Amino acid sequence: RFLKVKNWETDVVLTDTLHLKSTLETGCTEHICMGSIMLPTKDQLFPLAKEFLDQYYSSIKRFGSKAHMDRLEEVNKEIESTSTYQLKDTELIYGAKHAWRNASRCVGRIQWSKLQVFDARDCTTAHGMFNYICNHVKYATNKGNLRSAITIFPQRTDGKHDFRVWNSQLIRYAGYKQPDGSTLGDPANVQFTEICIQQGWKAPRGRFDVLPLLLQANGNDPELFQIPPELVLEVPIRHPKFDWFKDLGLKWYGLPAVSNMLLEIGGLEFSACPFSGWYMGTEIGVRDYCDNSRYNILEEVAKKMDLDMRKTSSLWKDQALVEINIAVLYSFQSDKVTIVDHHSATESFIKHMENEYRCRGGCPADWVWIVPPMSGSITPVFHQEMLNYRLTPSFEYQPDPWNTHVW
Amino acid sequence: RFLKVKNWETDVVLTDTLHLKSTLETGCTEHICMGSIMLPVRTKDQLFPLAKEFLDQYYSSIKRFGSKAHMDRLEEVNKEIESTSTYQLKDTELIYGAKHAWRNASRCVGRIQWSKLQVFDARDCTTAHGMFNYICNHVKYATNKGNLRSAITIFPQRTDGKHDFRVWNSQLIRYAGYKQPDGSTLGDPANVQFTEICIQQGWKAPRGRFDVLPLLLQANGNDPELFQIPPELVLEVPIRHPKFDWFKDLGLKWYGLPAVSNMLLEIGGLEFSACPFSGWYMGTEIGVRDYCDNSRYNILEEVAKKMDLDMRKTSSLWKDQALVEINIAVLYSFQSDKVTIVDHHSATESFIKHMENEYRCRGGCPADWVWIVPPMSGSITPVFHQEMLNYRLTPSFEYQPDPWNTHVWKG
Ligand code: HEM
Ligand code: HEM
Ligand SMILES: Cc1ccncc1CCCNCc1ccc2ccc(N)nc2c1
Ligand SMILES: Cc1ccncc1CCCNCc1ccc2ccc(N)nc2c1
Ligand SMILES: C[C@H](O)[C@H](O)[C@H]1CNc2nc(N)[nH]c(=O)c2N1
Ligand SMILES: C[C@H](O)[C@H](O)[C@H]1CNc2nc(N)[nH]c(=O)c2N1
Ligand SMILES: OC[C@@H](O)[C@@H](O)[C@H](O)[C@H](O)CO
Ligand SMILES: OC[C@@H](O)[C@@H](O)[C@H](O)[C@H](O)CO
Ligand SMILES: [Zn+2]
């Protein structure tokens, strides 16, 4: 019931007690581990509010204070009457920061306390959401000196008045299925792109077209908006040694801004809460560029390098992979856009993990997601045992709005 | 109950029913996943259902379930258990059991080969000298002048737990490690403790960087005895690089035969505490883990210097770059010397095909993603994108405590 994690490279053992606070279910059982699976009322509400308010008030050294008891009383009174309750600004900020802190799949959590929270609960329309999102993008981008931020739209009421950003990220490239059978652009984004077109987006049918925003306010029908091109910082990708690399025509955007997750705080649900940090290089160079179902550029790069691609054992894929990732890091650095390499990031996570065990009694972490998609065991996280469990406040997945939307 | 797994690269969805036959626990609960944790005397009481479960599986597999032979065998085993408190497997049952322990090993990426396993029955062995002879024969058979053949040698099962057969080595062939007074380590740091034990037991150590350790063998619960594997039986491969001529001057080599000797084999409730087995290497085991783990030979820097990479900032990916070149060299050297080896691309590709075949023919394939995904270039191999279900089936290979921690010394 008191759990130990070992690092097999350093022999450092840490003891976890934080897991006992856990409330949500993992998907695993005593008979089966599902660690590698990607997606495993007033009565409901008050214990959740109470649980949250208790940790909030404990965080500010006022547990068992009159202010705590008063707040609990007021929220309770508000739940009985209104069926829901409104978070104080202090509580919302605490909750958002803690959702990030609790994100067991996030390697960048050493940064968790430095998050700019934009309260957009006064938003009523999709043009309003657009304005808030442009402001987030500009603030977060900061001319390449990225700053973590989240923008929080009104909370779910009855489920028929949901605010939703339909895009999976604020900035992402379109995908088009060709008659020649191939895929133009980002294969990941074909279905959403088509939905943009149905709703009226006039597509330029390129390889790197920044998608428009599809914004849904108050459970109303979603509307299209285009982000000002001047607010979308992008980076042409070149290699510090291969002069030919720029001829590949590759580029990526600076700001990773995830917009399809659900933020849960004190039982309240925020279905539209786009957030952003900065990239770890492997997200672009390994996954975006080299996944077979993404831009899948390994073959092309390999050929330009004149590698022996006859046999797997020449490790031509591995060689090309490293070079692509060198170029990504080189390009962002050269243009002064914040990025972190997988070595620095994982090294930071180990130190964060040790802080959290020391100061909080643990750190929920999903090894399958924390270990980078290249060079796993030369990063320190590979050798670090981790316990995965679900704490609240949390970021959750939610269904894509189109499957759900009553048009 | 049906469980689905999805491959996120192909959208292929598989359905698992085999997990229903799982009996043993994982370590996980509905509240916590322990998927990344490395390590999360039996009564006639518990023993007969274990034997019966196993014999039902064996007899089903030979399409003789419910036959007179099946029924008679159950009866024979029950009587043997109640009268002798244990039982003896038939040779056929032993071979089936050893093959299935491998088939069931959720951490093994090489399972496409599971049905091709040479089983050596060493249950008639009584002394450490006898174990040494059996082990030499295994090494020579398995090595096959570089054309490696998978094999397992099985020593007598546990009785009261006081007469255990044990191989004290973690692998039959492994390099010594020596802690120096200045805190540095010579040879393989992973083997320092075992090396000290051997030296204490009387081994005269050459004290080099690649000294093949002696076997330390325990028969019938007696104190272990030292033996040296004939050097002519130990196939080694000097590591060189196909493009970089300076690589040979690093002085690296490795042995051809990975032969794990510290696991426990469980079949039908019986426990085989000494069951050395061997296959062949996947390149990354040597080139990534043995060579580049900080706690092992740790050669990344020296290689990176020799390549003259920019080593002032990690963002140059100098470590990733040297890592690939080292792994190219390992594959190149083994192939050049005609010693069986498999690269991580081929191995993971084969594993996916194996897994899909197992889903169709068996209803599942327990697999530990944490261990199946190779320690370099993870997502450019197909296993990274494959959802897997981990659960425990028997027969199985299990961990057991190191014998020096439990052994009662006779003196
Ligand atoms: C500031 C620099 C940050 C870095 C370097 C970073 C790094 C990462 C990486 C590499 C992943 C894996 C993503 C993938 O493979 O698709 C991830 C996941 C995640 N991050 Fe962070 N992150 C940062 C900031 C943030 C912030 C500000 C938040 C929220 C406020 C956050 C919340 C999450 C969540 C919820 C996941 C899991 C996503 C999922 O399950 O799909 N991250 N992070
Ligand atoms: C024939 C070629 C084989 C290949 C290429 C192969 C590959 C591998 C690899 C790369 C690992 C991970 C090892 C580590 O990281 O420590 C592994 C684990 C394992 N293998 Fe295989 N293997 C082969 C044959 C066998 C055989 C013949 C057996 C048993 C009869 C076996 C049983 C196991 C077991 C039980 C594990 C888990 C070990 C542990 O948990 O420490 N393998 N295999
Ligand atoms: C879960 C799933 C299922 C199907 N397809 C794709 C996915 C991947 C989900 C994408 N998550 C991307 C993400 C989320 C948060 C991030 C935060 C910071 C950062 N640098 N990158 C992030 C990247
Ligand atoms: C259990 C543990 C804990 C910490 N460090 C190390 C370990 C032991 C990991 C050793 N696994 C070795 C192993 C086992 C079976 C194999 C079969 C084939 C093969 N090529 N290699 C294998 C390699
Ligand atoms: C099947 C497996 O769970 C899936 O491929 C996971 C593996 N680890 C990952 N890790 C990260 N960071 N991101 C991912 O999308 C994935 N995908
Ligand atoms: C902590 C973590 O479970 C540990 O480092 C594991 C990770 N995956 C592994 N995978 C393999 N094949 N071999 C290993 O030794 C390990 N070590
Ligand atoms: O084309 C639509 C997809 O990009 C979308 O469904 C995402 O994959 C989904 O939101 C998961 O991130
Ligand atoms: O020096 C002894 C080690 O080799 C030994 O303890 C192994 O790590 C152990 O047997 C697990 O393989
Ligand atoms: Zn689990």
# chains A, B, ... in the order shown; residues from 1 in each chain; ligands from 1
>>> select_by_dssp(residues="stretch 21-210 of chain A", states="strand (DSSP E)", output="ChimeraX atom specification")
/A:116-119,149-152,164-165,175-177,183-185
>>> write_last_selection(atoms="N, CA and C atoms", output="CSV table (one decimal), in the first residue's frame")
chain,number,residue,atom,x,y,z
A,116,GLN,N,0.4,30.6,-17.6
A,116,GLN,CA,-0.4,31.8,-17.7
A,116,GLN,C,-1.8,31.3,-18.0
A,117,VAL,N,-2.8,31.7,-17.1
A,117,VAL,CA,-4.1,31.2,-17.2
A,117,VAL,C,-5.0,32.4,-17.7
A,118,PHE,N,-5.6,32.2,-18.9
A,118,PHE,CA,-6.5,33.2,-19.4
A,118,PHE,C,-7.9,32.8,-19.1
A,119,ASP,N,-8.6,33.6,-18.3
A,119,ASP,CA,-10.0,33.2,-17.9
A,119,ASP,C,-11.0,33.8,-19.0
A,149,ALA,N,0.7,28.6,-21.7
A,149,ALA,CA,-0.6,29.3,-21.4
A,149,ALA,C,-1.8,28.4,-21.6
A,150,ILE,N,-2.9,28.7,-21.0
A,150,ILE,CA,-4.2,28.0,-21.2
A,150,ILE,C,-5.2,29.0,-21.3
A,151,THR,N,-6.2,28.9,-22.2
A,151,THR,CA,-7.4,29.7,-22.2
A,151,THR,C,-8.6,28.9,-21.9
A,152,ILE,N,-9.4,29.4,-20.9
A,152,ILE,CA,-10.5,28.6,-20.4
A,152,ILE,C,-11.9,29.2,-20.6
A,164,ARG,N,-16.7,24.2,-27.6
A,164,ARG,CA,-15.7,23.2,-28.2
A,164,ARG,C,-14.9,23.9,-29.2
A,165,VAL,N,-13.6,23.7,-29.2
A,165,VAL,CA,-12.7,23.9,-30.3
A,165,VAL,C,-12.6,22.6,-31.1
A,175,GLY,N,-5.0,18.0,-44.5
A,175,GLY,CA,-4.7,16.8,-45.3
A,175,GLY,C,-5.7,16.6,-46.3
A,176,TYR,N,-5.3,16.2,-47.5
A,176,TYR,CA,-6.2,16.0,-48.6
A,176,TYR,C,-6.0,14.6,-49.3
A,177,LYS,N,-7.0,13.8,-49.4
A,177,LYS,CA,-6.9,12.6,-50.2
A,177,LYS,C,-6.9,12.9,-51.7
A,183,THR,N,-1.8,10.8,-50.3
A,183,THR,CA,-2.3,11.8,-49.4
A,183,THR,C,-1.5,13.1,-49.5
A,184,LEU,N,-2.1,14.2,-49.7
A,184,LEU,CA,-1.4,15.5,-49.7
A,184,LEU,C,-1.6,16.2,-48.4
A,185,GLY,N,-0.4,16.5,-47.8
A,185,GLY,CA,-0.4,17.2,-46.5
A,185,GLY,C,-0.3,16.3,-45.3
>>> closest_atom_pairs(of="chain B", to="ligand 3", cutoff="12 Å", atoms="only C-alpha atoms and all ligand atoms", output="tab-separated table")
residue	atom	partner	partner_atom_place_in_ligand_line	distance
B:6	CA	ligand 3	4 (C)	10.5
B:7	CA	ligand 3	4 (C)	10.4
B:8	CA	ligand 3	4 (C)	7.2
B:9	CA	ligand 3	5 (N)	9.6
B:11	CA	ligand 3	4 (C)	10.6
B:385	CA	ligand 3	5 (N)	10.4
B:387	CA	ligand 3	3 (C)	11.6
>>> residues_near_ligand(ligand="ligand 9", cutoff="9 Å", atoms="only C-alpha atoms and all ligand atoms", output="NGL selection string")
(:A and (26-30 or 32-36 or 388)) or (:B and (26-30 or 32-36 or 390))
>>> write_last_selection(atoms="N, CA and C atoms", output="PDB file, in the first residue's frame")
ATOM      1  N   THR A  26      -7.756   2.957 -13.912  1.00  0.00           N
ATOM      2  CA  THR A  26      -6.656   2.891 -14.883  1.00  0.00           C
ATOM      3  C   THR A  26      -7.002   2.129 -16.160  1.00  0.00           C
ATOM      4  N   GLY A  27      -7.887   1.149 -16.041  1.00  0.00           N
ATOM      5  CA  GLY A  27      -8.137   0.228 -17.133  1.00  0.00           C
ATOM      6  C   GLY A  27      -7.466  -1.107 -16.871  1.00  0.00           C
ATOM      7  N   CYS A  28      -6.443  -1.107 -16.019  1.00  0.00           N
ATOM      8  CA  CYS A  28      -5.756  -2.352 -15.656  1.00  0.00           C
ATOM      9  C   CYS A  28      -6.533  -3.125 -14.601  1.00  0.00           C
ATOM     10  N   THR A  29      -6.284  -4.427 -14.513  1.00  0.00           N
ATOM     11  CA  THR A  29      -6.785  -5.225 -13.400  1.00  0.00           C
ATOM     12  C   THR A  29      -5.659  -6.102 -12.867  1.00  0.00           C
ATOM     13  N   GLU A  30      -5.957  -6.891 -11.838  1.00  0.00           N
ATOM     14  CA  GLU A  30      -4.977  -7.825 -11.281  1.00  0.00           C
ATOM     15  C   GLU A  30      -4.580  -8.896 -12.299  1.00  0.00           C
ATOM     16  N   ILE A  32      -4.771  -8.368 -15.820  1.00  0.00           N
ATOM     17  CA  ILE A  32      -4.351  -7.823 -17.105  1.00  0.00           C
ATOM     18  C   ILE A  32      -3.890  -6.365 -17.049  1.00  0.00           C
ATOM     19  N   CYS A  33      -2.726  -6.107 -17.642  1.00  0.00           N
ATOM     20  CA  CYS A  33      -2.211  -4.747 -17.715  1.00  0.00           C
ATOM     21  C   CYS A  33      -2.515  -4.134 -19.075  1.00  0.00           C
ATOM     22  N   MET A  34      -3.128  -2.952 -19.054  1.00  0.00           N
ATOM     23  CA  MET A  34      -3.477  -2.237 -20.277  1.00  0.00           C
ATOM     24  C   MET A  34      -2.629  -0.990 -20.436  1.00  0.00           C
ATOM     25  N   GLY A  35      -1.405  -1.035 -19.908  1.00  0.00           N
ATOM     26  CA  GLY A  35      -0.507   0.113 -19.947  1.00  0.00           C
ATOM     27  C   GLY A  35      -0.192   0.668 -21.327  1.00  0.00           C
ATOM     28  N   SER A  36      -0.336  -0.156 -22.365  1.00  0.00           N
ATOM     29  CA  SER A  36      -0.013   0.302 -23.717  1.00  0.00           C
ATOM     30  C   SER A  36      -1.235   0.688 -24.546  1.00  0.00           C
ATOM     31  N   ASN A 388       1.784   4.724 -12.644  1.00  0.00           N
ATOM     32  CA  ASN A 388       0.764   5.507 -13.322  1.00  0.00           C
ATOM     33  C   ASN A 388      -0.575   5.408 -12.606  1.00  0.00           C
TER      34      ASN A 388
ATOM     35  N   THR B  26      -0.856  -9.573 -12.102  1.00  0.00           N
ATOM     36  CA  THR B  26       0.041  -8.695 -12.858  1.00  0.00           C
ATOM     37  C   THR B  26       0.835  -7.740 -11.971  1.00  0.00           C
ATOM     38  N   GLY B  27       0.196  -7.260 -10.911  1.00  0.00           N
ATOM     39  CA  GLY B  27       0.765  -6.216 -10.081  1.00  0.00           C
ATOM     40  C   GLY B  27      -0.087  -4.968 -10.168  1.00  0.00           C
ATOM     41  N   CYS B  28      -0.785  -4.811 -11.292  1.00  0.00           N
ATOM     42  CA  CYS B  28      -1.656  -3.650 -11.495  1.00  0.00           C
ATOM     43  C   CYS B  28      -2.986  -3.834 -10.783  1.00  0.00           C
ATOM     44  N   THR B  29      -3.701  -2.730 -10.575  1.00  0.00           N
ATOM     45  CA  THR B  29      -5.075  -2.765 -10.085  1.00  0.00           C
ATOM     46  C   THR B  29      -5.905  -1.751 -10.872  1.00  0.00           C
ATOM     47  N   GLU B  30      -7.167  -1.596 -10.498  1.00  0.00           N
ATOM     48  CA  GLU B  30      -8.011  -0.606 -11.153  1.00  0.00           C
ATOM     49  C   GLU B  30      -7.562   0.813 -10.802  1.00  0.00           C
ATOM     50  N   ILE B  32      -4.007   1.606 -10.060  1.00  0.00           N
ATOM     51  CA  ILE B  32      -2.610   1.866 -10.360  1.00  0.00           C
ATOM     52  C   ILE B  32      -2.055   0.890 -11.392  1.00  0.00           C
ATOM     53  N   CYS B  33      -1.261   1.419 -12.320  1.00  0.00           N
ATOM     54  CA  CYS B  33      -0.599   0.579 -13.301  1.00  0.00           C
ATOM     55  C   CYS B  33       0.864   0.453 -12.933  1.00  0.00           C
ATOM     56  N   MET B  34       1.330  -0.787 -12.808  1.00  0.00           N
ATOM     57  CA  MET B  34       2.738  -1.036 -12.514  1.00  0.00           C
ATOM     58  C   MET B  34       3.464  -1.629 -13.719  1.00  0.00           C
ATOM     59  N   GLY B  35       3.019  -1.217 -14.905  1.00  0.00           N
ATOM     60  CA  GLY B  35       3.592  -1.707 -16.150  1.00  0.00           C
ATOM     61  C   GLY B  35       5.082  -1.463 -16.354  1.00  0.00           C
ATOM     62  N   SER B  36       5.654  -0.459 -15.685  1.00  0.00           N
ATOM     63  CA  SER B  36       7.084  -0.196 -15.868  1.00  0.00           C
ATOM     64  C   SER B  36       7.953  -0.694 -14.708  1.00  0.00           C
ATOM     65  N   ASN B 390      -0.849  -7.270 -21.548  1.00  0.00           N
ATOM     66  CA  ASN B 390       0.074  -8.083 -20.756  1.00  0.00           C
ATOM     67  C   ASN B 390      -0.670  -8.868 -19.680  1.00  0.00           C
TER      68      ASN B 390
END
>>> residues_around(residues="stretch 90-96 of chain B", least_positions_apart="5", cutoff="9 Å", atoms="only C-alpha atoms", output="JSON, numbers by chain")
{"B": [55, 58, 101, 117, 118, 119, 120, 121, 154, 267]}
>>> write_last_selection(atoms="N, CA, C and O atoms", output="compact mmCIF listing (two decimals), in the first residue's frame")
# COMPACT_ATOMS: atom_id res chain seq x y z
N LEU B 55 -2.00 -30.74 -17.74
CA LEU B 55 -2.26 -31.94 -18.52
C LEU B 55 -3.47 -31.75 -19.45
O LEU B 55 -3.49 -32.28 -20.56
N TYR B 58 -1.93 -29.83 -22.34
CA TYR B 58 -1.11 -30.74 -23.14
C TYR B 58 -1.97 -31.68 -23.99
O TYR B 58 -1.75 -31.82 -25.19
N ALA B 101 6.47 -22.20 -22.14
CA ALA B 101 7.00 -21.16 -21.26
C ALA B 101 7.60 -20.05 -22.12
O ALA B 101 7.46 -18.86 -21.81
N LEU B 117 12.83 -25.31 -30.61
CA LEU B 117 13.61 -25.21 -29.38
C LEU B 117 14.08 -26.63 -29.11
O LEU B 117 13.27 -27.54 -29.00
N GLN B 118 15.39 -26.79 -29.03
CA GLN B 118 15.97 -28.09 -28.71
C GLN B 118 15.95 -28.25 -27.20
O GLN B 118 16.52 -27.43 -26.47
N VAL B 119 15.28 -29.29 -26.70
CA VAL B 119 15.17 -29.48 -25.26
C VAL B 119 16.12 -30.59 -24.82
O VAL B 119 16.01 -31.72 -25.31
N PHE B 120 17.05 -30.26 -23.94
CA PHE B 120 17.92 -31.26 -23.34
C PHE B 120 17.45 -31.63 -21.93
O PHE B 120 17.41 -30.78 -21.03
N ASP B 121 17.08 -32.90 -21.76
CA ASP B 121 16.58 -33.41 -20.50
C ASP B 121 17.76 -33.76 -19.60
O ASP B 121 18.43 -34.77 -19.81
N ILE B 154 17.46 -28.79 -18.96
CA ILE B 154 16.60 -28.78 -17.77
C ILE B 154 17.08 -29.75 -16.70
O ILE B 154 17.05 -30.97 -16.90
N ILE B 267 6.29 -25.59 -14.79
CA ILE B 267 5.42 -26.42 -15.62
C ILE B 267 4.52 -27.29 -14.74
O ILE B 267 5.03 -28.12 -13.97
>>> closest_atom_pairs(of="stretch 304-391 of chain B", to="stretch 283-296 of chain B", cutoff="10 Å", atoms="only C-alpha atoms", output="tab-separated table")
residue	atom	partner	partner_atom	distance
B:319	CA	B:292	CA	9.5
B:322	CA	B:292	CA	9.7
B:323	CA	B:288	CA	6.8
B:324	CA	B:287	CA	8.6
B:325	CA	B:287	CA	9.1
B:326	CA	B:287	CA	5.9
B:327	CA	B:287	CA	4.8
B:328	CA	B:287	CA	8.3
B:329	CA	B:287	CA	8.2
B:330	CA	B:287	CA	6.2
B:331	CA	B:283	CA	6.0
B:332	CA	B:283	CA	9.8
B:334	CA	B:283	CA	9.0
B:341	CA	B:283	CA	6.5
B:342	CA	B:283	CA	6.1
B:343	CA	B:283	CA	5.3
B:344	CA	B:283	CA	6.7
B:347	CA	B:283	CA	9.7
B:374	CA	B:284	CA	7.2
B:375	CA	B:288	CA	6.8
B:376	CA	B:288	CA	7.1
>>> residues_near_ligand(ligand="ligand 5", cutoff="10 Å", atoms="only C-alpha atoms and all ligand atoms", output="VMD selection string")
(chain A and resid 34 to 39 105 to 107 282 to 283 287 366 to 373) or (chain B and resid 5 to 9 369 to 370 373 378 to 379 382 to 388)
>>> write_last_selection(atoms="N, CA and C atoms", output="CSV table (one decimal), in the first residue's frame")
chain,number,residue,atom,x,y,z
A,34,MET,N,-3.1,-3.0,-19.1
A,34,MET,CA,-3.5,-2.2,-20.3
A,34,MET,C,-2.6,-1.0,-20.4
A,35,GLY,N,-1.4,-1.0,-19.9
A,35,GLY,CA,-0.5,0.1,-19.9
A,35,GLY,C,-0.2,0.7,-21.3
A,36,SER,N,-0.3,-0.2,-22.4
A,36,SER,CA,0.0,0.3,-23.7
A,36,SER,C,-1.2,0.7,-24.5
A,37,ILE,N,-2.4,0.6,-24.0
A,37,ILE,CA,-3.6,1.0,-24.7
A,37,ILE,C,-3.7,2.5,-24.7
A,38,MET,N,-4.0,3.1,-25.8
A,38,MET,CA,-4.0,4.6,-25.9
A,38,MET,C,-5.2,5.2,-25.3
A,39,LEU,N,-6.3,4.6,-25.5
A,39,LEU,CA,-7.6,5.1,-24.9
A,39,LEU,C,-8.3,4.0,-24.1
A,105,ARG,N,1.2,11.7,-18.6
A,105,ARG,CA,1.9,11.5,-19.9
A,105,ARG,C,2.8,12.6,-20.3
A,106,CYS,N,2.9,13.6,-19.5
A,106,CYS,CA,3.6,14.9,-19.9
A,106,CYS,C,5.0,14.9,-19.3
A,107,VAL,N,6.0,14.9,-20.2
A,107,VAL,CA,7.4,14.9,-19.7
A,107,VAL,C,7.9,16.3,-19.3
A,282,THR,N,11.7,15.7,-30.8
A,282,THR,CA,11.3,14.4,-31.3
A,282,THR,C,9.8,14.4,-31.7
A,283,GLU,N,9.0,15.3,-31.1
A,283,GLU,CA,7.6,15.3,-31.6
A,283,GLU,C,7.5,15.6,-33.1
A,287,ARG,N,8.0,11.8,-34.8
A,287,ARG,CA,6.6,11.4,-35.0
A,287,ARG,C,6.0,12.1,-36.2
A,366,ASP,N,3.4,8.0,-16.9
A,366,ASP,CA,3.1,6.9,-17.8
A,366,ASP,C,4.4,6.6,-18.6
A,367,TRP,N,5.2,5.6,-18.3
A,367,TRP,CA,6.4,5.3,-18.9
A,367,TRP,C,6.3,5.2,-20.4
A,368,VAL,N,5.2,4.6,-20.9
A,368,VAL,CA,5.0,4.3,-22.3
A,368,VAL,C,5.0,5.7,-23.1
A,369,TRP,N,4.5,6.7,-22.5
A,369,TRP,CA,4.5,8.0,-23.1
A,369,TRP,C,5.7,8.9,-22.8
A,370,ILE,N,6.3,8.8,-21.6
A,370,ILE,CA,7.4,9.6,-21.1
A,370,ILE,C,8.7,9.3,-21.8
A,371,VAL,N,9.0,8.0,-22.0
A,371,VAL,CA,10.2,7.7,-22.8
A,371,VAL,C,10.1,8.1,-24.3
A,372,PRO,N,11.0,8.9,-24.8
A,372,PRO,CA,11.0,9.5,-26.1
A,372,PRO,C,11.0,8.4,-27.2
A,373,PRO,N,10.5,8.7,-28.4
A,373,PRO,CA,10.3,7.7,-29.5
A,373,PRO,C,11.6,7.4,-30.2
B,5,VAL,N,-7.3,-4.9,-29.2
B,5,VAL,CA,-6.1,-4.1,-29.4
B,5,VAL,C,-6.0,-3.5,-30.8
B,6,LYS,N,-5.5,-2.3,-30.8
B,6,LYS,CA,-5.5,-1.5,-32.1
B,6,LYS,C,-4.0,-1.2,-32.5
B,7,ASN,N,-3.7,-1.3,-33.8
B,7,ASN,CA,-2.4,-0.8,-34.2
B,7,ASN,C,-2.7,0.6,-34.8
B,8,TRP,N,-2.0,1.6,-34.3
B,8,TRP,CA,-2.4,3.0,-34.6
B,8,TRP,C,-1.7,3.4,-35.9
B,9,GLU,N,-1.0,2.5,-36.5
B,9,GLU,CA,-0.3,2.8,-37.8
B,9,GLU,C,-1.0,2.2,-39.0
B,369,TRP,N,4.7,-4.3,-23.6
B,369,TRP,CA,5.2,-3.2,-24.5
B,369,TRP,C,6.5,-2.6,-24.1
B,370,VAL,N,6.6,-2.4,-22.8
B,370,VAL,CA,7.8,-1.7,-22.2
B,370,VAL,C,9.1,-2.5,-22.5
B,373,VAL,N,9.4,-3.0,-27.1
B,373,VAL,CA,9.9,-1.9,-27.9
B,373,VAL,C,11.4,-1.8,-27.7
B,378,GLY,N,12.6,3.6,-31.2
B,378,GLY,CA,11.4,2.9,-30.9
B,378,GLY,C,10.2,3.1,-31.9
B,379,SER,N,9.9,4.3,-32.2
B,379,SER,CA,8.7,4.5,-33.0
B,379,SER,C,8.9,4.3,-34.6
B,382,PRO,N,7.6,-1.3,-35.9
B,382,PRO,CA,6.1,-1.4,-35.9
B,382,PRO,C,5.5,-1.7,-34.5
B,383,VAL,N,6.3,-2.2,-33.6
B,383,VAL,CA,5.8,-2.6,-32.2
B,383,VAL,C,5.4,-1.3,-31.4
B,384,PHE,N,6.1,-0.2,-31.6
B,384,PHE,CA,5.8,1.0,-30.9
B,384,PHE,C,4.3,1.4,-31.1
B,385,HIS,N,3.8,1.2,-32.3
B,385,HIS,CA,2.4,1.6,-32.6
B,385,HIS,C,1.4,0.6,-32.3
B,386,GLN,N,1.8,-0.6,-31.8
B,386,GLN,CA,0.9,-1.7,-31.6
B,386,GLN,C,0.5,-1.7,-30.1
B,387,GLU,N,-0.8,-1.7,-29.8
B,387,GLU,CA,-1.3,-1.9,-28.5
B,387,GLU,C,-1.1,-3.3,-28.2
B,388,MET,N,-0.8,-3.6,-26.9
B,388,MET,CA,-0.5,-4.9,-26.4
B,388,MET,C,-1.2,-5.1,-25.1
>>> residues_near_ligand(ligand="ligand 1", cutoff="9 Å", atoms="only C-alpha atoms and all ligand atoms", output="VMD selection string")
chain A and resid 38 to 39 96 to 112 114 to 116 146 to 150 256 to 258 261 263 274 to 283 287 339 to 342 345 369 to 370 372 to 373 394 to 397
>>> residues_near_ligand(ligand="ligand 6", cutoff="6 Å", atoms="only C-alpha atoms and all ligand atoms", output="list in words")
residues 382, 383, 384 and 385 of chain A; 36, 37, 38, 370, 371 and 372 of chain B
>>> residues_near_ligand(ligand="ligand 2", cutoff="6 Å", atoms="only C-alpha atoms and all ligand atoms", output="PyMOL selection string")
chain B and resi 102+105+107-110+113+150+277-282+397
>>> write_last_selection(atoms="C-alpha atoms", output="PDB file, in the first residue's frame")
ATOM      1  CA  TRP B 102       8.842 -19.459 -24.114  1.00  0.00           C
ATOM      2  CA  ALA B 105       7.055 -15.051 -22.201  1.00  0.00           C
ATOM      3  CA  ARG B 107       8.748  -9.782 -22.549  1.00  0.00           C
ATOM      4  CA  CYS B 108      10.293 -11.778 -25.434  1.00  0.00           C
ATOM      5  CA  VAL B 109      10.321 -10.253 -28.916  1.00  0.00           C
ATOM      6  CA  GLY B 110      11.791 -13.420 -30.429  1.00  0.00           C
ATOM      7  CA  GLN B 113      10.770 -19.033 -33.040  1.00  0.00           C
ATOM      8  CA  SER B 150      17.839 -22.258 -29.680  1.00  0.00           C
ATOM      9  CA  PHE B 277      18.291 -21.478 -22.208  1.00  0.00           C
ATOM     10  CA  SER B 278      19.727 -19.726 -25.266  1.00  0.00           C
ATOM     11  CA  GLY B 279      18.668 -18.189 -28.555  1.00  0.00           C
ATOM     12  CA  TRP B 280      20.577 -15.545 -30.485  1.00  0.00           C
ATOM     13  CA  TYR B 281      21.100 -11.817 -30.016  1.00  0.00           C
ATOM     14  CA  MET B 282      19.098  -8.860 -31.216  1.00  0.00           C
ATOM     15  CA  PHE B 397       9.726 -18.432 -16.944  1.00  0.00           C
TER      16      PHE B 397
END
>>> residues_near_ligand(ligand="ligand 8", cutoff="7 Å", atoms="only C-alpha atoms and all ligand atoms", output="JSON, numbers by chain")
{"B": [169, 170, 190, 191, 192, 193, 194, 195, 262, 402]}
>>> atom_distance(atom1="atom CA of residue A:155", atom2="atom CA of residue A:67")
24.7 Å
>>> select_by_dssp(residues="stretch 23-191 of chain A", states="helix (DSSP H, G or I)", output="number ranges by chain")
A: 42-59, 66-82, 89-101, 109-111, 126-144, 187-191
